[PDB]
Number of protein chains: 12
Amino acid sequence: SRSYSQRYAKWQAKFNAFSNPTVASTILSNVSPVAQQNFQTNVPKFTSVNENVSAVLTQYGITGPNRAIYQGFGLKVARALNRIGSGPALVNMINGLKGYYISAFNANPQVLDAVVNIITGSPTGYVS
Amino acid sequence: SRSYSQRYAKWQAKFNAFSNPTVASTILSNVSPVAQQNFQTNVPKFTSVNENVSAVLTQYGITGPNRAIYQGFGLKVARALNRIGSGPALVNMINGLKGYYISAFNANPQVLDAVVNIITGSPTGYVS
Amino acid sequence: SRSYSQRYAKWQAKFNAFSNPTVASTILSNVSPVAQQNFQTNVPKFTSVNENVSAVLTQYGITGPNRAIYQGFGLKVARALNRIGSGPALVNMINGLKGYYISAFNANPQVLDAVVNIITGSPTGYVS
Amino acid sequence: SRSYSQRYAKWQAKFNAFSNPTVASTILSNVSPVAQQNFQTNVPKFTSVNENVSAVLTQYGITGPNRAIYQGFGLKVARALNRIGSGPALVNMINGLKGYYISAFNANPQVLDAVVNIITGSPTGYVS
Amino acid sequence: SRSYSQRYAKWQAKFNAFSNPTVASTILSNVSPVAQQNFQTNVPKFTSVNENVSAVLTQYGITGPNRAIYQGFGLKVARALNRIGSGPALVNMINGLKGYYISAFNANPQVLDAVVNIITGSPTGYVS
Amino acid sequence: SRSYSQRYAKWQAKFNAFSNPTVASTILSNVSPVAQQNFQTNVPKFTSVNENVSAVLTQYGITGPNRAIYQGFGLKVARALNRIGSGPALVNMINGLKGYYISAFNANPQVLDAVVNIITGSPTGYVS
Amino acid sequence: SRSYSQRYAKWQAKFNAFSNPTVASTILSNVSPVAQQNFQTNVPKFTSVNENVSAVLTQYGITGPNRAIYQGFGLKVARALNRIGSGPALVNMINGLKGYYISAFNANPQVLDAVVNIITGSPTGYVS
Amino acid sequence: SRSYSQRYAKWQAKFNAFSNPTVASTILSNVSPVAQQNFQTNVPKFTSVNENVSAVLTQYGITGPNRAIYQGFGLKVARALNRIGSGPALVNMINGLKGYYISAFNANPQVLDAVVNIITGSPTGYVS
Amino acid sequence: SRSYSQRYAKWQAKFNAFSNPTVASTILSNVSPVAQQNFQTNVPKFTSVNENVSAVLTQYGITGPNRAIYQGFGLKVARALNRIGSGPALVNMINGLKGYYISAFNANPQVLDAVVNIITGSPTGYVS
Amino acid sequence: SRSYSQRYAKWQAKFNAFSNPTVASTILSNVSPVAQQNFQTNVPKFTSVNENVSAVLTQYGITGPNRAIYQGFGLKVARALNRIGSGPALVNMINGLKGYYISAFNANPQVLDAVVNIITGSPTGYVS
Amino acid sequence: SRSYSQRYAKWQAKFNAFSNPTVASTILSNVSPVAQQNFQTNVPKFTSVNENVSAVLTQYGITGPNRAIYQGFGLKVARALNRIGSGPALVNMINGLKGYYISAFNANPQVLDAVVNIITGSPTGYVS
Amino acid sequence: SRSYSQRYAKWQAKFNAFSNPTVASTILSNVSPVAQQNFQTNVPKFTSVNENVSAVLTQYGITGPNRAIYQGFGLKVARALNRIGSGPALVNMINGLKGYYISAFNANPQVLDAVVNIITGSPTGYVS
C-alpha cells in the first residue's frame, strides 16, 4: 500500500544508490556469470522460433512490420509455453492471445494459426 | 522460469553484493528517510490495534500466548483493511480469516468477533 | 539478421562493458535527472489508476491475486491510452484486451467493464 | 509493553546503526556462510513444490494470477509441514488453511485439493 | 525451523559481529537515550513494589532469602499488571502464580496474599 | 538497600561505560571464547527438548502459539532439571510449575503431562 | 561393426590413455564447471522425488529394501518425464513400467499407483 | 557379479590408491567441511538420545554393559526415525526391533518400552 | 538420509579430488589390470549375444533403431541371467521385462520371443 | 561421559589430524599388509555365503531388492556365527534375527529358513 | 573377531605410526585444547573427593596405603556417579563395590560407609 | 599433597612438552622395542582367555553385551592371577570380584563360576 509519492521517493533513492560506481559494479559483476547462464538458457529457445516463424511469414508473403506483428504473437506463445507448459492451461492462454491479436491489432487468424502450427505444431481451441 | 539452481545462484550473488560495506551503506543511507516515513506512517495504525485488542483480551481473561493468537488475528484484520479498504472485499476476507484461526489454531470464535468488533466496530458478514 | 550465436555474443560484450564501474556510473549519472523526469511524468498517471481500480475491486469483493488480475487489465488500458490516445484505436485495443483477459485468464467481463468505466469513464465499443 | 513511539524510537536507532558501512558489513559478512547454509537447506524444498504444483495447475487449465493463488496456498501448506511435521496438527492446519483460501480468496476447493494431493499426497479433513 | 547446529552457528556470527568496537559502540550509543527512557519509565514502578513489599515482609518477620522469595512473587504480580492490566486476565494470572510459589517454593499463602494486598490492594479471585 | 534513583544513577553510569568502543570490545572480546563454551554446553540440551516436545505437540494436534505454550513449559521443566537435578526437589518444582501453567495460561494438563513424559519420562506428583 | 576382440582392444587403448595423469586432469578439469552445472540442474529434481516418495512409503508402512523397490520405480517415472515430457508417451511408458515392477519384482500395484500419484499427481492411463 | 577374487582384487587396488599421501589428503581435505556439516547435523540428535535413555536406565537400576544393551536399542529406534520418519513404517520397524533385542539379547521388554516411551514419547503398536 | 544440497556438496568435493592429476592416475593406474580382468570376463558374454540376436533380427526383417530396441531387450535378458542365473527368478524377471518392452516401447512380442529363444533357448512364462 | 559438543570437538580434531598427508599415509601404509590379512581372512567367508544364498533365492523366484533383503539376513547370520560360534547362543541370536526380519522388513519366514538351511544347514528354534 | 597374532599385528602398526614426530605432534597438538577442556571439566570433581575423603581418613586414624585403599573406593563411587548418576543404579553399584573392597581387599565396611557418607551424603541401600 | 590446580598445572605443562614433535618421537621411538616386548609378553595371555571364555559363553547361550560382562569379569580374574599369583590371596580377590559383578552388574553366578572354571579350573570360595 503506497502512494505514487512513496513509490517515487523510494525509487529515487534506489536509483541513486545503483548509479554509484561501486554499487553498480559490485552488483553487476557479481551477477555477471549468473546472468550469462540465464540468458544462455532461455534465449536460444526464442531465437529458433524467430527463424521458423520468419520462414512461415515469407511463405505467406508477409512483409515489414506486419511480420513483426506475428513475431510478437509467436514469441508470446512461446513465452507462455515456457512459463505454463503444454496442455489445458496453454490452450486457454493461446485462445485468448489469438483473439487478442486478431481484434486488437487486426492480425490475420490464418497467419496466426500458421505461427501456432510451428511453435505448438497444431491449432489451438481444443487440447491436441 | 527459474530452477532452484538458478534461484540460489542469483540470490547468492545479490547477497554478496549487498554485504559490501559501501553497497550496504549506500543503499541503506539513501532509503533511510524514506523508510522512516513509511514506518511512521503505517506502524502507529497497528500499535493502536495492539492496544485496543489487548484491552479486550484482558476483559476476556486471556493470558500468555493465547493473547498472541488473538493479537495476530486482529493485526491481520487491520492489514487487510489497509491494503483493501472497508466494504465487501473486507467482509470476504474476514470470513475466511476467522475460519483460518478458528479451525487451524482453535481460536475461540466469540473472542475473535470481539476483536473484529473493535477494529471494524462490529462483527462482519454485514457491512456496518 | 542475427543468429543466436550473434545475439548472445553482442549481448555479452555490452553487458560486460556496462558492468564497468566507470561506465555504469557515467551513463547512469548522466541519465539520472532525465529518468527522474520521465518517472515523475508518467508514473502518477498509473498510480491514480491503481487507486481507483482498487476502490472498484473492493466494491466488487475482489481479494488477493484476483485484484491483481483486474489491476493488470486496468493498467494495460491506461498504457494504450497514453501511447495511442482516446478514440477509435483505443476502442479497438480495449475490445481485444478484454478478449485476452476474459478467455486467457478467465477474468469476469462484468468487472472488467467496471474497470474500463473508471479509466475511460464508460465501457468501450462506442466512443463516449 | 511499548507504545508505538517507543517502538519507533528504538527501531530508528537500530536502523541507523545498521546503515553504518562498518556495522552492515560486519554483521552481513559474518552471517554470510551461515545464511548460505540456511538458504540452501530450506529453499529447494519449496522449489520442488513449485514445479509439481505448477504442473498440476497446467493440467487444471489455471492461468495467470490464479496460478499464484494456488502457489501461495501450496507453499503455505509446505511451510506448515516443515515447522509442524505430518500428522494430526498438520491436518488441523490444512483444514483451516484450505477454508481460508476458499472463502477469503475464492479459491476453488477442487484445485486446492489437487495441490494438497501433491504435497501431502492425500486430501485433508482426516489423518491419512 | 533450526537445528542446534544452526542455532549456534548464527548466534556465533552475531556475537562476533557485536563484539567489534565500532559495531558495539554504534549500536549502543544509538540506543542509549532510548534505553534511558525505557529504564526510567518502567523501573520506578517496580522499585516502589520492592519498597512496599519489603515493609510487609518486615511486619511478618521475614528475613534473608525468604524475603527474596516474596519479593520475586510481588515483582511478578507487577509485571503481569504492566503487560496485561488489571481485571479478569490478571486474576487468572495471580491464581496460577500463587500456585507456582506456594507449591514449587513452599511460599506461605497467607504472606503471599499480603503481598497481593499491597500491589493490587486486595487478594485476588474477585476484582476489587 | 537502594532507591530507584540510585539504581538508575549507577545503571546509567555503567551503561555509558559499556557503550564505549574500547570498553565494549575489551570485555566482549575477552569473554568471547568463554561465552562460546557456555553456549555450547547448555544450549543443545534444550534444542533436543524442542525437537521431542514439538513432535509430541504434533501428535496432540497442537498448532500455533498453543505449541509455544507447551514449549515454554517444557523448556522451563528442563531448566529446573539442570539447576536442581532429578529427585524430590524437581518433583516439587514441577508440581508447582504444572499447576501454574494450567491455571495461569489455561494449559491443558494432558498435554502438559505429555511434555513431562518426554523430558523426565514420567508424570510428576510423586518421585518416580 | 565390431567383434569382441575389437571392442576390447579399443576400450583398452582408451582406458590406458585416460589413466595418464595429464590426460585425466586435462579432461576432468575442463569439464568440471560443466558437469557441475548439469549435476545441479537435474539432481534436485530427483531428490524431491526421493523425499516425496519416501513420505508415501512411510505412510504405507514400507521398510528396508522394499522402500528401495518403490524408490527405483518412482525415479524411473521421473526420468522418463525429463527425457520425454508429460502426455501420451509418458502414459505409454508408465504402463509398461508398472508391468515391469509388478511382475518382475513383485511390486504392489496399489503402492506403485500411490508413487505415480505424487510424481505425476495422479495414476496414469488417462492424462490429468 | 563379482567373485571373491574380484572383490578383493579391486578392494586392494583402491586401498593402495587411498594410502597415497596426496590422494588421502586431497580427498579428505576436500570433504572436510562437508563431513563436518554432516557430523554436526545428525550427531546431536543421537547424543540427546543417549542422555535421555541413560536417565531412564539409571531410574531402572541398569548398570554396566546392560545399559549399553538398551542404549543400542534406543539408538536404533532413532536411526530408523531419521531414515524413515514417524508413522506406520516406524511402528513396523520397532515391533521387529523389539523382537530382535528381546529374544536375541534377552533384553527386558518392559525396559525396552520405557526407552521407546522417551524417543517416540510412547510405546509403539499404535501411532500416538 | 541426505538432502540434495548434501548430495551435491559431497559429490562436488569428490569430483574435485578425483580431477587432481595425481589422484586420477593413482586410482586409475592401480585399478587398471583389475578393470581389464572385469571387462574381459563379463563383456564377451554380451558380444556373443549381439551376434546371434542381430542375426535373428535380420531374419525378421528388422532394421534401424528397431533392431536396437530388441538388442536392448536381449542384452537386458542376458544381464539378468548373469546376476540371477537360470530358473524361477529369471523367468519372473523375463516375464516382466517382456511385458515392459511390449507396452513401454511397442516392441513386437514375436520378435521378443525370438530374442529370448536365443539367449535362453526357450520362451518364458513357465520354467523350461 | 561426554556431551555431543565434546564428542564433536575431539572428533573434529582427530579428523583434521588424519587428513594431513603425512598422518594419513603414515598410518595407512603401516596398516596396509595388516589390513590385507584381515580382509583376506574374513571376507571370502561371506562371499561363499552370497553365492549359495543367491542360488537359493533364484530357486525361490526372488528378484531385485527382495534378494537383498535375504542377503542381508544371511550375511548377518554368518556374522554371528563368526563372532559367537555355533551352539546355544547362536540359536538364540538367529531366533531373534529371524523374527526381526519377518516383522521389521516383512521378510518371508520360508525363504528365511532356506537361507539358514544353507549357512547352518538346519532351521533354528532349537539347537541341532 | 581377532586372534592374538592379529591383535598384536595391528597394534604394532598403529604404535609405529604414532611414534612418527609429525604424526604424534599433529594429533596431540590438534587435541590439545580439547583434552584441556576435558581434564579441567572432570578432574576437580575427583580432587574434591580426595580432599574430603582424606579428611575422613584422618579422623579414623587411617595412615599409609590404607588411606589409599579407601581413596580408591571413594574415587570409584564418584566415577559411577559421573557415568551413571544418582539413584537406583548407583545404589546397585555401591552395594557391589562395597562387597568388592570389603572382601577382596579386607576394607573396613564401617569406614567405607563413612566414605560414602561424604560423597553421596549418606550410606547407600536407600536413596536419600 | 596437591590441589587440583596444581595437578592440572603440571599436567598441562607435561602434556605440552610431550606434544612437541621431537619430544614425542624421542620418547616413543626409544621405548618402541621395549613396549613391543611388554605387549608381546602379557597380551597373548589374555587373548587365550578370551577364546576359551567366549566358547563357554556360547555354550551358555550368552549373547551381545552380556558376553562382554563375563569377558570383563574373566579378564579381571586373569589380571589378578598375573599380579598376585595363585593361592590364598587370589581366592580372596576372586571372592570379592565375583560378588562385585553379581550385585553391581547383575552378573549370573552360574556363568561367573563357569568363567572361573576356565581360568583357574576350579570354583573359588576356598583354596583348591
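Residues numbered from 1 in each chain as written, not as in the entry; some residues may be left out. Chains lettered and ligands numbered in written order. Part of a larger assembly, values for the part shown. Heavy atoms only, no water.

- This entry, as listed in the PDB, derives from cryo-EM and reports a resolution of 3.8 Å.

**Observations concerning the overall build of chain A**
- When its secondary structure is counted, chain A shows six helices and zero strands.
- Relative to the compact-globule value of 14 Å for 128 residues, chain A shows a C-alpha radius of gyration of 20 Å, a clear excess of over 25%.
- With respect to the principal axes defined by its C-alpha atoms, chain A has extents near 50 × 35 × 35 Å.
- In chain A, buried positions account for 45% of the 128 residues.
- Contacts in chain A between residues far apart in sequence, at least 24 positions, make up 57% of those at least 6 positions apart. (Helix = DSSP H or I, 4+ residues; strand = E, 2+ residues; numbered from the N terminus. Rg over C-alpha atoms; globule rule 2.2 N^0.38 Å. Buried < 20%, exposed > 50% of the residue type's maximum accessible area, 1.4 Å probe, protein only. Contact = heavy atoms within 4.5 Å.)

**A few points about the environment of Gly 125 of chain L**
Residue and element names in this part refer to chain L.
- With respect to the secondary-structure elements, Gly 125 resides in the segment after helix 6 (109-119).
- In the structure, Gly 125 is positioned 31 residues away from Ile 94 in sequence and 8.0 Å away in space, judged by C-alpha atoms.
- Every residue in contact with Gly 125, bar those within four places of it in the chain, is listed here: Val 91 and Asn 95.

**Overview of the interface of chain A and chain C**
- Residue-level contacts link 32 residues of chain A with 33 residues of chain C.
- The largest contributions to the chain A side of the interface with chain C come from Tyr 4, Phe 39 and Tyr 100 of chain A, which together make up 19% of the buried area.
- Connecting chain A to chain C are zero salt bridges.
- In this assembly, chain A and chain C are joined by six residue pairs in polar contact.
- Listing elements by their share of the side of chain A that touches chain C, those giving two or more residues are helix 1 (4-19), helix 2 (21-42), helix 3 (44-59) and helix 5 (88-104) of chain A. (Buried area = accessible area lost by both parts, 1.4 Å probe. Salt bridge = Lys/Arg side-chain N within 4 Å of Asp/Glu carboxyl O. Polar contact = N/O pair within 3.5 Å; in protein donor to acceptor, adjacent residues only side chain to side chain.)

**Here's the deal with the arrangement of the chains**
- In this view chain A stays clear of chain J, with the nearest C-alpha atoms of the two still 33 Å from each other.
- At the C-alpha level, the nearest point of chain D lies 33 Å from chain L, with no contact between them.

**Remarks on the relation of the copies chain A and chain C**
- Of the two same-sequence chains, chain A is brought onto chain C (RMSD 0.5 Å, axial shift 0.0 Å) by a rotation of 180°. Look at the turn and shift together and you get a two-fold axis relating the two. (Least-squares fit on C-alpha atoms.)

**Here we look at a positive patch on the surface**
- Residues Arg 2, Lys 10, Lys 14, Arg 79 and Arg 83 of chain A together with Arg 2, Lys 10, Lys 14, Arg 79 and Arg 83 of chain B make up a contiguous surface patch of positive charge.
- Elements that contribute at least two residues to the positive patch include exactly helix 1 and helix 4 (65-84) of chain A together with helix 1 (4-19) and helix 4 (65-84) of chain B.
- Mapping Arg 83 of chain B onto the fold places it in helix 4. (Patch = residues over 30% accessible without salt bridge, like charges linked within 9 Å, V, L, I, M, F, W, Y side chains within 5 Å. Areas by Shrake-Rupley, 256 points an atom, 1.4 Å probe, with all protein chains shown as cover. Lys, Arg positive; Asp, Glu negative; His and termini not counted. Charge placed at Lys NZ, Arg CZ, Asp CG, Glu CD.)

**Quick word on the layout of surface pockets**
- By volume, the second largest pocket amounts to about 1100 Å³.
- Listed by contribution, the elements that provide at least two residues to the lining of the second largest pocket are helix 2 (21-42), helix 3 (44-59), helix 4 (65-84) and helix 5 (88-104) of chain J together with helix 3 (44-59) and helix 4 (65-84) of chain L.
- With seven residues, the top contributor of residues to the lining of the second largest pocket is helix 3 of chain L.
- Partitioned by chemical class, the residues of the lining of the second largest pocket number nine nonpolar, 13 polar and eight charged. (1 Å grid on protein atoms, 1.4 Å probe; cavity = no way out; pocket = protein on both sides within 12 Å on 5 of 7 lines; lining within 4 Å. Points joined across faces, edges and corners; volume = space filled by probe spheres on them. Nonpolar A, V, L, I, M, F, W, Y, C, P; charged D, E, K, R; others polar.)

**Details of the environment of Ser 103 of chain G**
- Checked against the element boundaries, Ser 103 of chain G lands in helix 5 (residues 88-104).
- Not counting the four nearest positions on each side in its chain, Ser 103 of chain G is found in contact with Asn 92, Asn 95 and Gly 96 of chain I.

**What about the pattern of salt bridges?**
Residues and elements named next belong to chain A.
- Applying the stated rule across the entire model yields twelve salt bridges over all chains.
- Between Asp 113 and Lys 98 there is a salt bridge, with the nearest N and O atoms lying 2.7 Å from each other. Of this pair, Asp 113 sits in helix 6 (residues 109-119) while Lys 98 sits in helix 5, and the two are 15 residues apart along the sequence.

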